[PDB]
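Trainee: Here you go, one structure.
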Amino acid sequence: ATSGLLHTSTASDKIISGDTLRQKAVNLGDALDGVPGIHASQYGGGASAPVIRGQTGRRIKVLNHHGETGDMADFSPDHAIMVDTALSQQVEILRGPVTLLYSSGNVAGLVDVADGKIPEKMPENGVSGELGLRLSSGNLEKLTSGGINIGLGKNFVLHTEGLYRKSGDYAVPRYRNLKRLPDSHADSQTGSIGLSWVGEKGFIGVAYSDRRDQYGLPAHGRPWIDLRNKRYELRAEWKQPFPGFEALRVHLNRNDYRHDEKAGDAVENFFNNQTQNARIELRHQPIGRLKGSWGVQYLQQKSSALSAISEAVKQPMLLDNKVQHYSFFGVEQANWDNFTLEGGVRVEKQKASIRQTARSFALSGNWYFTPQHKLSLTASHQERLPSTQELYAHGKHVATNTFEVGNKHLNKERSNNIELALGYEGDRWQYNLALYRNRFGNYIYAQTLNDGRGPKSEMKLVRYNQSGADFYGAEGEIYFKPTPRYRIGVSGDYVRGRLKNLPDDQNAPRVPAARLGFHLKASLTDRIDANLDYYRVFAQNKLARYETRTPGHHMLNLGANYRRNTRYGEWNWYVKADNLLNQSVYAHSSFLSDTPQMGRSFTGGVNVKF
Ligand SMILES: [Zn+2]
Ligand SMILES: [Zn+2]
Ligand SMILES: [Zn+2]
């Protein structure tokens, strides 16, 4: 776990390796689909938000290596997330006090994408990195990833990575009378440069990262988003700052983001986000077994979103605003031999210039009976301040086709959370189970209106209104291996929410359906690793104020890897087939509930590691 400076890993946490992510999809929400707990809020082939336990947007949090993504994915699911899955070293899903180190109101879980912009190490044999290439049938995709590390002398290490994606209109099963879904194509390209130092003591690295996606918009010339993302960042960390401390960490950032929701070659809605995050973390010495780490964060996001109409005539959806976070945070764990008790805190001040104070804190205890055998309980009272969107909304959004309305008098989102989990692994039997339960004293949500003033899949109207809520659900998995050479297992998840006491007792908006999963993986022999995954997704009968029924399909995915150690590093061949039954995959979690996802599709790729 690289996200936490202080390691406070709970039983609920999990880390997917990089080699597997090259075989998975490119989008964050779609690639992480299959893992128990997280569902995909797919909005075409361009963007997809990860729905962690029926939570999304600002309720979750995504970080681009110990720093803010600087994106507008939290605004709506159609917006792309500025994180590179195919270029990342490893993705890691985390919960507990470590959530309070970065963001407020992170009730579901943190998802830090560790990338290789800055090496932080002298590469083996001078140079290192990787190269990739894969084509998907029916999409039709053309991915070409890349990554290079160069030893520029004794202690300097230069890094240069590249990526390019080109997917047309993907195929749909039994959708009226269409072979491919119109306006669902998604082209993209990503590249980054980074120069770093190497220890002892530590590293002092800079990095530039550029991205430019071009994707259509299903469900509305031709609707499409053209975005540009420039990121000027700086990372540094060493093991000996000054006496009485074990580590010093700093992650400066400047993420310039922009996207144009166009229709043909004309711009209907402009967007902008001048993020510039700064943070100074430090991990003090162990004061008798117990360890901790404190830090300060200074963030400033000058975001805005205008339309084709001028400012003099109509009020924009999101006028120019200058948000400033002045956050203080810290964590402290106490290792009592076979029992770890950790507690985090976070206090931040908001200055919305065109001043309330947030106060979050958590506490978690982890009992280890006989490692690996992790029993863990967690509870976190988190208070998230409302964004400028939730208060100052008064315009139309052409991509979703929904008029967003705000409110001048709203309170902060307080939330008393609680969750427990039991993990185990020991050759023959392996299983991870977890229960979560979230109470919200104040839960702001997009209440579908209704009139109103007058007069008005056509044109939707929403207003951010307060409400009490109560979420609860179970999630986990189990793997019984008869022989280490093979691997068999079963997984499952469930989520349920309601809204109690309005200023009654209705269901939550867009709740993911239950998904049982069957798993197989046979590695015969050594190099060739075959596998099979059957995800049975049931229908969601419990619908919200203004929603419809959603199935309810039998998903089936197969795969077959192939390792090879030749000259110039390792080679990784792989062939993956998705949805052999060709079922009509309708996702209620996403906004595009009536639109079916990609049907039958194949994949064949090669990745050279070195
Ligand atoms: Zn870092
Ligand atoms: Zn007005
Ligand atoms: Zn949008």
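In the structure tokens, chains take letters A, B, ... by order of appearance, with residues numbered from 1 within each chain and ligands from 1 in the order shown.
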List all protein, DNA and RNA residues that have an atom no more than 10 Å from any atom of ligand 3, counting only C-alpha atoms and all ligand atoms, and report them as a PyMOL selection string.
Mentor: chain A and resi 72-73+75-80+225+259-261+269-271+305+396-401
Trainee: Among range 130-335 of chain A, which ones does DSSP assign to strand (DSSP E) (computed from the backbone)? Answer as an MDAnalysis selection string.
Mentor: chainID A and resid 130:137 141:143 146:151 157:167 186:196 203:211 214:216 223:238 245:263 267:275 278:284 291:304 323:335
Trainee: Between A:87, A:499, A:575, A:385, single out the one closest to residue 106 in chain A, counting only C-alpha atoms.
Mentor: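 Of all the options, A:385 lies closest to residue 106 in chain A.
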Trainee: Mind listing the residues within 9 Å of ligand 2, only C-alpha atoms and all ligand atoms counted, as a ChimeraX atom specification?
Mentor: /A:314-315,394-395
Trainee: Given the selection you just returned, output its residues as a file containing C-alpha atoms, formatted as an mmCIF file, in the first residue's frame.
Mentor:
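Contents of the output file again.cif:
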data_model
loop_
_atom_site.group_PDB
_atom_site.id
_atom_site.type_symbol
_atom_site.label_atom_id
_atom_site.label_comp_id
_atom_site.auth_asym_id
_atom_site.auth_seq_id
_atom_site.Cartn_x
_atom_site.Cartn_y
_atom_site.Cartn_z
ATOM 1 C CA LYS A 314 -28.653 34.179 -18.858
ATOM 2 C CA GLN A 315 -27.200 32.893 -15.578
ATOM 3 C CA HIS A 394 -29.030 27.055 -12.263
ATOM 4 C CA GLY A 395 -28.616 25.787 -15.845
#
Trainee: Pick out the residues no farther than 9 Å from ligand 1, counting only C-alpha atoms and all ligand atoms, and list them as a list in words.
Mentor: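 Checking only C-alpha atoms and all ligand atoms against ligand 1 at 9 Å gives residues 2, 3, 5, 65, 66, 67, 114, 118, 120, 235, 236, 237, 249, 250 and 251 of chain A.
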Trainee: Using only N, CA and C atoms, please write the residues we just selected to a file, as a CSV table (one decimal), in the first residue's frame.
Mentor:
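result.csv, written as the output of this step:
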chain,number,residue,atom,x,y,z
A,2,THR,N,0.9,2.0,-1.1
A,2,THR,CA,1.7,3.2,-1.3
A,2,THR,C,0.9,4.4,-1.0
A,3,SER,N,-0.4,4.4,-0.9
A,3,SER,CA,-1.2,5.5,-0.6
A,3,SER,C,-1.0,6.1,0.8
A,5,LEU,N,1.2,6.9,4.0
A,5,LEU,CA,2.6,7.1,4.5
A,5,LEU,C,2.8,6.2,5.7
A,65,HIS,N,-2.1,9.1,-7.7
A,65,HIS,CA,-0.9,8.9,-7.0
A,65,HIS,C,-0.7,10.0,-5.9
A,66,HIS,N,-1.3,9.8,-4.8
A,66,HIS,CA,-1.1,10.7,-3.6
A,66,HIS,C,-1.5,12.1,-3.9
A,67,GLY,N,-2.4,12.4,-4.7
A,67,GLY,CA,-2.8,13.7,-5.1
A,67,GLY,C,-4.2,13.8,-5.8
A,114,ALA,N,-1.7,4.3,-8.3
A,114,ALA,CA,-0.3,4.5,-8.3
A,114,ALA,C,0.3,4.4,-9.7
A,118,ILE,N,7.0,9.3,-11.9
A,118,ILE,CA,8.3,9.5,-11.2
A,118,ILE,C,8.8,8.2,-10.7
A,120,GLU,N,11.3,7.1,-8.6
A,120,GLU,CA,11.7,6.9,-7.2
A,120,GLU,C,12.7,5.8,-7.0
A,235,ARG,N,6.8,15.6,-7.0
A,235,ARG,CA,6.7,14.6,-5.9
A,235,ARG,C,8.1,14.5,-5.2
A,236,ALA,N,8.1,14.3,-3.9
A,236,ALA,CA,9.4,14.1,-3.2
A,236,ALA,C,9.2,13.4,-1.8
A,237,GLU,N,10.1,12.5,-1.5
A,237,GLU,CA,10.0,11.8,-0.2
A,237,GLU,C,11.4,11.2,0.2
A,249,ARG,N,7.3,13.9,3.4
A,249,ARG,CA,6.7,13.7,2.1
A,249,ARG,C,6.0,15.0,1.7
A,250,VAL,N,6.2,15.3,0.4
A,250,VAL,CA,5.5,16.5,-0.2
A,250,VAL,C,5.0,16.1,-1.7
A,251,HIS,N,3.8,16.5,-2.0
A,251,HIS,CA,3.2,16.3,-3.3
A,251,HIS,C,2.5,17.5,-3.8
Trainee: Pick the closest to residue 48 in chain A from A:479, A:602, A:591, A:258: which is it, counting only C-alpha atoms?
Mentor: A:591
Trainee: Could you give me, as a PyMOL selection string, the residues within 6 Å of residue 573 in chain A, counting only C-alpha atoms and dropping anything in the same chain fewer than 4 positions from it?
Mentor: chain A and resi 561-562+606
Trainee: In Å, rounded to a single decimal, give me how far CA of residue 37 in chain A is from CA of residue 97 in chain A.
Mentor: 19.3 Å
Trainee: Can you pull out the residues contacting residue 117 in chain A? Cut-off 8 Å, using only C-alpha atoms, and skip same-chain residues under 4 positions away; I want them as number ranges by chain.
Mentor: A: 159-161, 192-194, 207
Trainee: Which residue is closest to residue 579 in chain A? Choose from A:217, A:172, A:377, A:539 and count only C-alpha atoms.
Mentor: A:172
Trainee: Report, in Å to a single decimal, how far apart CA of residue 344 in chain A and CA of residue 105 in chain A are.
Mentor: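 Taking CA of residue 105 in chain A as the start and CA of residue 344 in chain A as the end point, the length is 13.1 Å.
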Trainee: In terms of the shortest atom-to-atom distance over only C-alpha atoms, which of A:317, A:341, A:488, A:26 is closest to residue 189 in chain A?
Mentor: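 Closest residue, counting only C-alpha atoms: A:26.
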Trainee: Choose the residue, out of A:600, A:563, A:414, A:302, that has the smallest atom-to-atom separation from residue 380 in chain A; count only C-alpha atoms.
Mentor: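 The closest residue to residue 380 in chain A is A:414.
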Trainee: Which polymer residues have any atom within 8 Å of an atom of residue 109 in chain A, counting only C-alpha atoms, with same-chain residues fewer than 2 positions away left out, as a list in words?
Mentor: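 Neighbouring residues, sequence-local ones excluded: residues 52, 60, 61, 93, 94, 95, 96, 99, 106, 107 and 111 of chain A.
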Trainee: May I have the residues within 9 Å of residue 548 in chain A as a PyMOL selection string, using only C-alpha atoms and disregarding those fewer than 5 positions away in the same chain?
Mentor: chain A and resi 541+543+588+593-594
Trainee: Rank nothing, just name the residue among A:156, A:238, A:215, A:170 nearest to residue 597 in chain A, using only C-alpha atoms.
Mentor: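 That would be A:170, the residue with the smallest distance to residue 597 in chain A.
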Trainee: Write out as a JSON list (two decimals) with N, CA and C atoms, in the first residue's frame the residues lying within 12 Å of residue 335 in chain A, counting only C-alpha atoms and excluding same-chain residues fewer than 2 positions away.
Mentor:
[["chain", "number", "residue", "atom", "x", "y", "z"],
["A", 7, "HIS", "N", 1.34, 2.89, 7.35],
["A", 7, "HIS", "CA", 0.63, 1.69, 6.90],
["A", 7, "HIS", "C", -0.41, 1.25, 7.93],
["A", 8, "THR", "N", -1.68, 1.46, 7.61],
["A", 8, "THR", "CA", -2.80, 1.04, 8.47],
["A", 8, "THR", "C", -3.77, 0.19, 7.65],
["A", 286, "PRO", "N", 8.55, 6.16, 15.88],
["A", 286, "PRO", "CA", 7.73, 5.32, 16.75],
["A", 286, "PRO", "C", 7.99, 5.61, 18.23],
["A", 287, "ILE", "N", 6.96, 6.07, 18.94],
["A", 287, "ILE", "CA", 7.07, 6.44, 20.35],
["A", 287, "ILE", "C", 6.63, 5.25, 21.21],
["A", 288, "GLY", "N", 7.44, 4.20, 21.18],
["A", 288, "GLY", "CA", 7.13, 2.97, 21.91],
["A", 288, "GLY", "C", 6.07, 2.15, 21.19],
["A", 289, "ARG", "N", 6.48, 1.52, 20.08],
["A", 289, "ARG", "CA", 5.61, 0.64, 19.27],
["A", 289, "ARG", "C", 4.53, 1.38, 18.48],
["A", 290, "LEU", "N", 3.81, 2.30, 19.12],
["A", 290, "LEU", "CA", 2.79, 3.10, 18.44],
["A", 290, "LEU", "C", 3.42, 4.05, 17.43],
["A", 291, "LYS", "N", 2.80, 4.16, 16.25],
["A", 291, "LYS", "CA", 3.32, 4.98, 15.16],
["A", 291, "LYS", "C", 2.23, 5.91, 14.63],
["A", 292, "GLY", "N", 2.64, 7.03, 14.05],
["A", 292, "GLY", "CA", 1.69, 8.02, 13.52],
["A", 292, "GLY", "C", 2.30, 8.93, 12.47],
["A", 332, "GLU", "N", -2.82, 8.04, 13.75],
["A", 332, "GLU", "CA", -2.02, 7.47, 14.84],
["A", 332, "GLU", "C", -2.48, 6.05, 15.15],
["A", 333, "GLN", "N", -1.60, 5.07, 14.92],
["A", 333, "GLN", "CA", -1.90, 3.67, 15.22],
["A", 333, "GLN", "C", -1.13, 3.18, 16.44],
["A", 337, "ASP", "N", 1.00, -5.76, 20.05],
["A", 337, "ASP", "CA", 1.41, -7.12, 19.66],
["A", 337, "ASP", "C", 0.51, -7.71, 18.58],
["A", 338, "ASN", "N", -0.63, -8.29, 18.98],
["A", 338, "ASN", "CA", -1.57, -8.90, 18.04],
["A", 338, "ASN", "C", -2.91, -8.14, 18.01],
["A", 339, "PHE", "N", -2.83, -6.82, 18.04],
["A", 339, "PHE", "CA", -4.01, -5.96, 17.98],
["A", 339, "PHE", "C", -3.62, -4.54, 17.58],
["A", 340, "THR", "N", -4.16, -4.07, 16.46],
["A", 340, "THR", "CA", -3.85, -2.74, 15.93],
["A", 340, "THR", "C", -5.06, -1.82, 16.04],
["A", 341, "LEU", "N", -4.92, -0.74, 16.81],
["A", 341, "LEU", "CA", -5.96, 0.27, 16.97],
["A", 341, "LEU", "C", -5.49, 1.58, 16.35],
["A", 342, "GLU", "N", -6.17, 2.02, 15.29],
["A", 342, "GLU", "CA", -5.81, 3.24, 14.58],
["A", 342, "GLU", "C", -6.95, 4.25, 14.58],
["A", 365, "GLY", "N", -10.43, -0.66, 15.01],
["A", 365, "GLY", "CA", -9.66, -1.67, 15.74],
["A", 365, "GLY", "C", -9.56, -2.96, 14.96],
["A", 366, "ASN", "N", -8.36, -3.53, 14.89],
["A", 366, "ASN", "CA", -8.09, -4.74, 14.12],
["A", 366, "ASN", "C", -7.51, -5.84, 15.00],
["A", 367, "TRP", "N", -8.29, -6.91, 15.21],
["A", 367, "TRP", "CA", -7.84, -8.06, 15.99],
["A", 367, "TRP", "C", -7.29, -9.14, 15.07],
["A", 368, "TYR", "N", -6.01, -9.46, 15.24],
["A", 368, "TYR", "CA", -5.36, -10.56, 14.53],
["A", 368, "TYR", "C", -5.25, -11.76, 15.48]]
Trainee: If you measure from CA of residue 481 in chain A to CA of residue 29 in chain A, what distance in Å do you get, rounded to one decimal?
Mentor: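 Taking CA of residue 481 in chain A and CA of residue 29 in chain A, their separation equals 28.9 Å.
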